[PDB]
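# Fold and geometry: a report
Each chain is listed here by its residues.
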Amino acid sequence: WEXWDXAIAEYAXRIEXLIXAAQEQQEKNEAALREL
Amino acid sequence: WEXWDXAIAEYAXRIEXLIXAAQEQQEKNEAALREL
Amino acid sequence: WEXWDXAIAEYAXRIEXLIXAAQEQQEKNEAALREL
Amino acid sequence: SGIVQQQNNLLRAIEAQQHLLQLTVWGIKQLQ
Amino acid sequence: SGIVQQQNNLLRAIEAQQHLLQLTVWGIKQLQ
Amino acid sequence: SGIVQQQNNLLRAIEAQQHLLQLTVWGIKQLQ
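Calculation rules
Residues numbered from 1 in each chain as written, not as in the entry; some residues may be left out. Chains lettered and ligands numbered in written order. Heavy atoms only, no water. Residues with missing side-chain atoms left out of burial classes, pairs and counts. Least-squares fit on C-alpha atoms. Contact = heavy atoms within 4.5 Å. Helix = DSSP H or I, 4+ residues; strand = E, 2+ residues; numbered from the N terminus. Nonpolar A, V, L, I, M, F, W, Y, C, P; charged D, E, K, R; others polar. Axes fitted to C-alpha atoms, helices over the stretch in contact; angles between N-to-C directions. Parallel < 35°, antiparallel > 145°, perpendicular 65-115°, else oblique. Left-handed = near helix turned anticlockwise from the far one by under 90°.

## Some thoughts on the relation of the copies chain E and chain D
You can overlay chain E on chain D at an RMSD of 0.0 Å; the transform is a turn of 120° with a shift of 0.0 Å along its axis. Here the symmetry operator amounts to a three-fold rotation axis.

## Points about the interface of chain A and chain F
Contact with chain A, which involves 13 residues of that partner, is made by 13 residues of chain F. Contributing elements (two or more residues each) for the side of chain A that touches chain F: α2 (13-16) and α3 (20-35) of chain A. Partitioned by chemical class, the residues of the side of chain A that touches chain F number 8 nonpolar, 4 polar and 1 charged.

## Describing the environment of D:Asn9
By secondary structure assignment, the location of D:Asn9 is in helix α1 (residues 2-30). For the pair D:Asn9 and D:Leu20, spaced 11 residues apart in sequence, the C-alpha separation works out to 17 Å. Beyond its immediate sequence surroundings of up to four residues, D:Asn9 is in contact with C:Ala21, C:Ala22 and C:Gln25.

## Notes on the arrangement of the chains
The closest approach of any C-alpha atom in chain A to one in chain D is 14 Å; the two make no contact. The two partners chain C and chain E share no contact, and the minimum distance between any of their C-alpha atoms is 14 Å.

## Re the packing of α3(A) against helix α1 (residues 2-30) of chain F
The description of two packed helices rests on the angle between their axes and on the distance between the axes. In the contact formed by α3(A) and α1(F), the axes pass within 10 Å of each other and the chain directions differ by 160°. For the element pair α3(A) / α1(F), the angle class is roughly antiparallel. Where α3(A) crosses over α1(F), the handedness of that crossing is left-handed. Counting all contacts with α3(A), which are made through A:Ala21, A:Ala22, A:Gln23, A:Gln25, A:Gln26 and A:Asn29, the residues of α1(F) involved are F:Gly2, F:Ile3, F:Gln5, F:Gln6, F:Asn9 and F:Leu10. Residue classes in the contact of α3(A) with α1(F) are distributed as 4 nonpolar, 8 polar and no charged.

Right, dumping it as structure tokens:
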């Protein structure tokens, strides 16, 4: 119960980590592309 | 109730706007890449 | 019932097909970019 | 041509997930 | 500049879908 | 090398969202 609901909400932690990464890469990429 | 269910269905409006944008950019990008 | 629940789980088949494609393109693209 | 063919691949998955979400919100409202 | 503006477009949809999922998991836990 | 590393980043989020959806469809069918 409020163990599984733990596991699922804190996978949904991991995905909001993945969507971190992607925001950071989006910023690096913009800057880096402006410089080329 | 059928206020929240308003807010959520018409965010899900906004996302189907975002997925608009992305379809339009996908088309512009194809054409533009064929020309390079 | 266990017809609709068929249709939906086996669309969710199709999406896990789309996410196939994308994994395969990600691999081709890495390799191909390393070679340029 | 591959990076853009995969923008499309991702766009297609996102769009399917959206429809699948809508069927899920439908089930929830169908149980209220 | 278009391929990267669409990485953002996709990132924005994914991020909205995440929030929409969270409201959906909320409905389910709200019916238990 | 960054645009393609972010195709992967997006692919990874989409794939996690898919699994998370499946657990959500599971909750709904578990309440029927």
